[PDB]
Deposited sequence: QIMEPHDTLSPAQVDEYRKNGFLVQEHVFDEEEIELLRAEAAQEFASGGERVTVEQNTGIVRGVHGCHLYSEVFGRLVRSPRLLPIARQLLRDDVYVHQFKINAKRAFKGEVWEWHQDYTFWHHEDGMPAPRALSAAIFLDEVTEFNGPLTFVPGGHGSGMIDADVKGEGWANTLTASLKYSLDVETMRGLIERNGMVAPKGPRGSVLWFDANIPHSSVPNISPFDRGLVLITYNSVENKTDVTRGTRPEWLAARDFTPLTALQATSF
């Protein structure tokens, strides 16, 4: 049995990633694959206990699933993901954080403008922004279902309801200089984005869900300092073993 040989990004892709701070690959996973993930996500929302996050009673978010779900443990080692994380971080990699964020049809909240790295640096002791997130589209992402929205190029000046958010004025400057972009794509796409890229999102006014599986890969050299770490393991990993790719076996 055979996995397709590892595909990596082209130089133009890598360049576009580094310059914009994000990149969309369309149609990485097929419908049946996405449906397996959606089904597993539903189980995790149902069984995740303290790892779940609610609509302030509908389970809207879950953390750490790759530690508790075999499906999600294998997803993070997928040959569609791991080789690109290695390529873009230029190292062996591990999962710093895993979360699933669902914005249900006609539901959802404003996520204020923030940089993930600010949080990881201060709360988890991540020493440099040598990390990224892969957002898997469980549903088509459109103008109207609360897409992640970024400042392109905004990762490039380093680190500027949520504990750390970016004020009116610091954001105005960024946006005046760089603009705002909400990347779109079909179900099964992957959105790669820099640990330090500012982003925000709005409620979903569409009649369709917007589920995202968000895998944060970190460089092994860039491992967090667990002595300055606050959070439990399902928020901020502590096992820095380099991930290996899944191979095609008989089961």
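Residues of the deposited sequence lacking C-alpha coordinates, counted from 1, fall in the stretches 57-58, 163-177.
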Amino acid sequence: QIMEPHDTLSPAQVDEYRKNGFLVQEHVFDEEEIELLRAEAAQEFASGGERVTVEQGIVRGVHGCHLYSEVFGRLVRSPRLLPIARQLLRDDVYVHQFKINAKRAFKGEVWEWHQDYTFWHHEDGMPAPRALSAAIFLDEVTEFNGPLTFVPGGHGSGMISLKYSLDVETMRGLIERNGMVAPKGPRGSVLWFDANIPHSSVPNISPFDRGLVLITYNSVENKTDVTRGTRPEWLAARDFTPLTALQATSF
From here on, numbers count along this sequence of modelled residues.
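Superpose the two forms; the largest set of C-alphas matching within 1.5 Å is the rigid core.
Larger root-mean-square CA separation from the shown form, computed after a rigid core fit of the structures in 8 other deposited structures of this protein, is seen for 167-175 when 83-91 is set against 167-175. RMS Cα deviation from the shown model in 8 other deposited structures of this protein, rigid core fit, is larger for 198-206 than for the other stretch of the pair 198-206 / 62-70. Where the other entries of this protein model the residues before and after it, residue 185 is kept in all of them rather than dropped from a third. Across the other compared structures of the same protein with both neighbouring residues present, residue 211 carries coordinates in every case, with no third of them leaving it out. As listed in the deposited structure, the average C-alpha B-factor of 21-29 and of 223-231 is greater for 223-231.
In this crystal structure, the stretch out of 41-49 and 192-200 whose C-alpha atoms carry the higher mean B factor is 41-49. Per the PDB record, 159 has a higher Cα B-factor than any other of 159, 128, 136, 81. Remark: of 100, 141, 168, 75, 168 shows the highest value [criterion: C-alpha B-factor in the PDB entry]. When all modelled residues of the chain are sorted by CA temperature factor, residue 3 is found within the middle third. Among all modelled residues in its chain, residue 181 ranks in the middle third by Cα B-factor. Residue 67 sits in the middle third of its chain by CA B factor, as recorded in the PDB entry. When the CA B factors of the chain's modelled residues are split into thirds, the value for residue 93 lands in the lowest one.
Split the chain's modelled residues into thirds by C-alpha temperature factor. Residue 243 is in the lowest one.
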